[PDB]
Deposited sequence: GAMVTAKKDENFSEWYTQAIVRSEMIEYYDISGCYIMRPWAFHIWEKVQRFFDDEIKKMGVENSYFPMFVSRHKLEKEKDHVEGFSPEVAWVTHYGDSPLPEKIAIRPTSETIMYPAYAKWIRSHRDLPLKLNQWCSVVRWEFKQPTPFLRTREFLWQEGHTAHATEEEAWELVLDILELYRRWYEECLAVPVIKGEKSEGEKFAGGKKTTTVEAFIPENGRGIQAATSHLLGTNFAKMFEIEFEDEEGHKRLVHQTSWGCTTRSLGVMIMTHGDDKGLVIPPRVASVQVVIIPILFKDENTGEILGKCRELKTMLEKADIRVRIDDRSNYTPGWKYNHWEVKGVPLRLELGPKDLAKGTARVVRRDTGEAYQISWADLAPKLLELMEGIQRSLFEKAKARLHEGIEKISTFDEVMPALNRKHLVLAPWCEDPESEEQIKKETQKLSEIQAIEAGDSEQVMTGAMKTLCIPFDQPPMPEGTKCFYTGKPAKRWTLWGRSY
């Protein structure tokens, strides 16, 4: 059982919740964690979702090596270097993958010759390693992390930009539709974008309990900057040699940590049904040998019934644990529905179903279970999302002047503020908010994104900070 309160010590709550639901096991190399089966199931669900979707776009999977040679790689303090095999030193040291541009792009130069070879659309599911300097957090910031990375190459900027946006929408679907986590689509500012690219888009999420925005995934319009460094050129139809226009995009096991932080409570995890490996757990109530044979047969019948409706059902008929130990176990683990079947319920042809998010109980006849559970699972899923969306919305404050900022940050909120979008000002702003945060004693404020969904901008509106005329509403806050 979980005992730290989510709203008191958030850190300790998260650690307890992920350990006691058997999602992660700690490890001796710092910043690395073991992903146990209960967490791995959720990743498997989002993986299959995303993978299926990108295949409909013609993206194909591949696997490129985990090693890149020193001279091809040449961010530096993060790179893990292999220097030896056994007691022997490598003639030239080798780096483990931190990203795969330097591994993929020279091959792309070789394979692309003509318009007939475009678009080239590849992905890979793999792990990367970055010797993170920041405080590690299981899922959210780890030194080895699982991800996919998508890398595409096209004839025109328009087609590449369209795929950038399609992928971004798929990531809104991974968070929103699978994980029931609300995200904001935006553009990264010039200071925050991937420097090898032209434009970076993001989906951004929010952790209410510590006030932090967090980048949930990313999708880059790379332009022709990398085609030029790597000599990725093709002949069009009229015999002419052109640079490719490229995209890349990635999303990681960070997504699980965001889910856990978003929906969990004081009793531990709450898993949204769309990604729960066990949607419904059936618990026989077995005590002083009362009806034990008939309770178990009904449990099996109920399961076959529910899986005809494609519900994911487990019977926990394990002998060596009490029914109450099972209630608690599958609560902490975040199973959406718990169906209890004891002697009394057996006599009435009913079952008692407890939903995990609100703790509400229902009495339901065997004949209405399938359609009633499906309805409840759709209500849990929608309800998790809507409550998280309202919290997201409660957490962002529309403002006009710099004077409003530090108070908004102290309330653990984000700010939506009009901004001139000048690179020099973000640097000034972050150095400044850091100063005032140190003095007040918890971190600098930065841009998260410029949201796609722009509210109206009145003609004389000025930038909240410089005073120059503003261009767009930009979302700022503290961040992971």
Subject >> Where the deposited sequence has no C-alpha coordinates (positions from 1, in order) >> reply: 1 to 2, 77 to 84, 452 to 461
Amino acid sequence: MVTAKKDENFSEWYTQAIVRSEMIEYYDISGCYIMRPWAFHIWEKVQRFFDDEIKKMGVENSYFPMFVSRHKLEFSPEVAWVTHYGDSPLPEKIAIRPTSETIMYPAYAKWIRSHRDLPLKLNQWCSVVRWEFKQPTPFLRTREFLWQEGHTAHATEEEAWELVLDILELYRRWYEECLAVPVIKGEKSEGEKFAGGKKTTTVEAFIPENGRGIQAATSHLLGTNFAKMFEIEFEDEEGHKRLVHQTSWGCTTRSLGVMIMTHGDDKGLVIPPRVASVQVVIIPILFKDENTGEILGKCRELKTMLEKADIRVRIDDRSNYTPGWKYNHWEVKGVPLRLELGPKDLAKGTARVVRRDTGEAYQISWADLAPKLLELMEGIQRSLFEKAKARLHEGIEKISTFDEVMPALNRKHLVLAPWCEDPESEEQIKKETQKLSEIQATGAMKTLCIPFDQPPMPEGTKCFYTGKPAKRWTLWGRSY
From here on, numbers count along this sequence of modelled residues.
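Each form is matched to the other, and the largest set of C-alpha atoms that superpose within 1.5 Å is called the rigid core.
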Subject >> More variable segment, 248 to 256 or 296 to 304 [Cα RMS over structures in 7 other deposited structures of this protein, core-superposed] >> reply: 296 to 304
Original post:
Do the Cα atoms of 105 to 113 or those of 92 to 100 sit farther, on average, from the shown form in 7 other deposited structures of this protein after fitting on the core?
Top reply: 92 to 100
Original post:
When the other entries of this protein are compared, is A441 unmodelled in at least a third of them?
Top reply: yes
Original post:
According to the deposited model, is the average Cα temperature factor higher in 384 to 392 or in 359 to 367?
Top reply: 359 to 367
Subject >> Of 417 to 425 and 30 to 38, the one with larger mean CA B-factor >> reply: 417 to 425
Original post:
Highest Cα B-factor in the PDB entry belongs to which of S248, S127, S400, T201?
Top reply: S400
**OP:** Return the residue from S62, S69, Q47, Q440 that has the highest Cα B-factor in the entry.
**Re:** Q440
**OP:** Consider only the C-alpha atoms of the modelled residues in this chain, order them by B-factor as the entry records it, and name the third containing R97: lowest, middle or highest.
**Re:** lowest
Original post:
Looking at the C-alpha B-factor of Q135, is it in the lowest, middle or highest third of its chain?
Top reply: middle
**OP:** State the tercile, meaning the lowest, middle or highest third, of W330 with respect to the CA B-factors recorded for its chain.
**Re:** lowest
Original post:
How does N9 rank on Cα B-factor within its chain, lowest, middle or highest third?
Top reply: highest
**OP:** Can you work out whether the C-alpha temperature factor of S255 puts it in the lowest, middle or highest third of the chain?
**Re:** lowest
